[PDB]
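Undergrad: Provided herewith is a single structure, encoded as structure tokens, for subsequent inquiry.
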Amino acid sequence: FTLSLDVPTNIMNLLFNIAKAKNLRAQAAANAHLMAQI
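Mapping to the working numbering: the sequence shown position 31 is 98, numbers consecutive.
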């Protein structure tokens, strides 16, 4: 990334999605250590 100033639409969407899925699974699989078992 250009000195940390590399957040284009092609990246933003990806980053937004990554953070989206990463946080989802983080607060799901890492919050109750059994919320992602079903």
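All C-beta atoms in this analysis are idealised placements derived from N, C-alpha and C, irrespective of residue type, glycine included.
1) Report the rounded CA-to-CA distance for residue 84 versus residue 92, giving the unit in angstroms.
2) Run through DSSP, which three-state label would residue 105 get?
3) How is residue 77 classed by DSSP in three states: helix, strand or coil?
TA: Here's the rundown:
1) A direct Cα-Cα distance of roughly 12 Å separates residue 84 from residue 92.
2) In the structure shown, residue 105 sits in coil (DSSP, three-state: anything other than H, G, I, E or B).
3) Here residue 77 sits in helix by DSSP.
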